[PDB]
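Heads up: the structure comes next, in structure tokens.
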Amino acid sequence: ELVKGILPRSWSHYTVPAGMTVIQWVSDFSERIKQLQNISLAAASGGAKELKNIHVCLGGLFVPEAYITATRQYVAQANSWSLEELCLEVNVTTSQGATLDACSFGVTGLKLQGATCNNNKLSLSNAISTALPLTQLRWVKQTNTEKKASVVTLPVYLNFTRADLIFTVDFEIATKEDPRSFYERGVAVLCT
Amino acid sequence: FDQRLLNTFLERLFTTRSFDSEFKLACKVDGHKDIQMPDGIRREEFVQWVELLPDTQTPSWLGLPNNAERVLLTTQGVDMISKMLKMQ
């Protein structure tokens, strides 16, 4: 397999795009292991408190959707609420200019597709991808107020194949952009 | 999200407004012009309208960004290079 540049079936554990070379996979695997070293380094040196305050790459996680559930469960336990009573709020800010509160978790590596995020507001773009500097996920009590007639629900997939849906994100569109145009142009977020 | 996209097209097209003289099938295909709902009421007029469609079709006709075909077109052009060199 290696001689033919074929990814061994014994190495393929986590979800991978069908078209990935062993070389690409080795580079991706190295990045994932480096991140896991830091996560274990913080867990051993500091405990659970460091695990909450460290930024994570959703692409590097083997099951990114379980991390979202873990963050949802963490906020629910801290506030003694139910999972179905918690809605996810997303704030996109620079990593340097970011502050993590009790319900805030830092996520890096998120890439917006066909749109740009400026002041937490979305605008249609002619660029294929836009790298989000630091995405903050906040879990707050649901107010069942529906949408503000300017909020789109963008899918978040794992990779460019758009085969696995990780979670969904609510964003406020900018200017008088039609939310329907966002749906028609395939605007979404990729984990890697 | 595929269901939402399918619903968006259906609600955009199947309306009483589709019988208006200014209805837009597609909007801003190349930034300036838009595809017009034909004003005819007979099948022959609709068939003629399809025949007069310009050959300059872009993914914006489908509501997609115009650069969605750029990568696909480049790969296809290189393939057409390869097919020639394979039969020389």
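For the structure tokens, the naming scheme is as follows: chains receive sequential letters (A, B, ...) according to their order of presentation, residues are indexed from 1 within each chain, and ligands are indexed from 1 in presentation order.
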
*Could you please tell me, as a PyMOL selection string, which residues of chain B have an atom within 7 Å of chain A when using only C-alpha atoms?*
chain B and resi 5+8+63-65

*DSSP alpha helix (DSSP H) residues within chain A, as a ChimeraX atom specification*: /A:22-44,48-53,64-79,179-184

Only C-alpha atoms, please: the residues just picked out, written as a PDB file, in the first residue's frame.
```pdb
ATOM      1  CA  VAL A  22      -0.859   8.640   2.835  1.00  0.00           C
ATOM      2  CA  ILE A  23       1.420  11.751   2.735  1.00  0.00           C
ATOM      3  CA  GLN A  24      -1.551  14.084   3.325  1.00  0.00           C
ATOM      4  CA  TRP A  25      -2.841  11.718   6.020  1.00  0.00           C
ATOM      5  CA  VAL A  26       0.560  11.583   7.735  1.00  0.00           C
ATOM      6  CA  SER A  27       0.659  15.385   7.885  1.00  0.00           C
ATOM      7  CA  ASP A  28      -2.937  15.480   9.136  1.00  0.00           C
ATOM      8  CA  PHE A  29      -2.243  12.709  11.658  1.00  0.00           C
ATOM      9  CA  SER A  30       0.820  14.560  12.959  1.00  0.00           C
ATOM     10  CA  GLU A  31      -1.230  17.717  13.539  1.00  0.00           C
ATOM     11  CA  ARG A  32      -3.959  15.770  15.352  1.00  0.00           C
ATOM     12  CA  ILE A  33      -1.464  14.030  17.643  1.00  0.00           C
ATOM     13  CA  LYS A  34       0.242  17.339  18.466  1.00  0.00           C
ATOM     14  CA  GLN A  35      -3.113  18.811  19.501  1.00  0.00           C
ATOM     15  CA  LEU A  36      -3.914  15.716  21.574  1.00  0.00           C
ATOM     16  CA  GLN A  37      -0.554  16.088  23.325  1.00  0.00           C
ATOM     17  CA  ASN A  38      -1.450  19.632  24.394  1.00  0.00           C
ATOM     18  CA  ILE A  39      -4.906  18.529  25.566  1.00  0.00           C
ATOM     19  CA  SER A  40      -3.393  15.729  27.651  1.00  0.00           C
ATOM     20  CA  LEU A  41      -0.635  18.092  28.806  1.00  0.00           C
ATOM     21  CA  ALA A  42      -3.217  20.546  30.151  1.00  0.00           C
ATOM     22  CA  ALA A  43      -5.339  17.762  31.658  1.00  0.00           C
ATOM     23  CA  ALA A  44      -2.377  16.323  33.571  1.00  0.00           C
ATOM     24  CA  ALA A  48     -10.441  19.906  34.170  1.00  0.00           C
ATOM     25  CA  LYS A  49     -10.189  23.706  34.417  1.00  0.00           C
ATOM     26  CA  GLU A  50      -7.459  23.851  31.767  1.00  0.00           C
ATOM     27  CA  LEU A  51      -9.478  21.513  29.533  1.00  0.00           C
ATOM     28  CA  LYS A  52     -12.254  24.122  29.426  1.00  0.00           C
ATOM     29  CA  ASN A  53     -10.036  27.134  28.678  1.00  0.00           C
ATOM     30  CA  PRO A  64     -15.901  16.772  16.564  1.00  0.00           C
ATOM     31  CA  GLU A  65     -19.668  16.454  17.067  1.00  0.00           C
ATOM     32  CA  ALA A  66     -19.064  14.800  20.445  1.00  0.00           C
ATOM     33  CA  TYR A  67     -17.078  17.853  21.552  1.00  0.00           C
ATOM     34  CA  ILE A  68     -20.111  20.052  20.864  1.00  0.00           C
ATOM     35  CA  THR A  69     -22.223  17.685  22.966  1.00  0.00           C
ATOM     36  CA  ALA A  70     -19.545  17.751  25.678  1.00  0.00           C
ATOM     37  CA  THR A  71     -19.551  21.561  25.770  1.00  0.00           C
ATOM     38  CA  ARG A  72     -23.360  21.533  25.799  1.00  0.00           C
ATOM     39  CA  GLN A  73     -23.376  19.078  28.708  1.00  0.00           C
ATOM     40  CA  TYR A  74     -20.694  21.059  30.560  1.00  0.00           C
ATOM     41  CA  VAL A  75     -22.753  24.264  30.566  1.00  0.00           C
ATOM     42  CA  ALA A  76     -25.924  22.370  31.491  1.00  0.00           C
ATOM     43  CA  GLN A  77     -24.247  20.748  34.504  1.00  0.00           C
ATOM     44  CA  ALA A  78     -22.724  24.037  35.680  1.00  0.00           C
ATOM     45  CA  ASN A  79     -26.151  25.717  35.554  1.00  0.00           C
ATOM     46  CA  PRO A 179     -31.301  34.707   3.582  1.00  0.00           C
ATOM     47  CA  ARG A 180     -32.602  32.693   0.622  1.00  0.00           C
ATOM     48  CA  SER A 181     -29.516  33.670  -1.393  1.00  0.00           C
ATOM     49  CA  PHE A 182     -27.336  32.134   1.323  1.00  0.00           C
ATOM     50  CA  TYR A 183     -29.207  28.837   0.950  1.00  0.00           C
ATOM     51  CA  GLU A 184     -28.933  28.865  -2.851  1.00  0.00           C
TER      52      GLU A 184
END
```

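Here atom CA of residue A:169 stands at a distance of 17.2 Å from atom CA of residue A:56.
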
*B:43, B:28, B:86, B:17: which is nearest residue B:61, counting only C-alpha atoms?*
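Going through B:43, B:28, B:86, B:17 one by one, the smallest distance to residue B:61 is for B:28.
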
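Nearest residue to residue A:168, choosing from A:102, A:2, A:90, A:132 and counting only C-alpha atoms: A:90.
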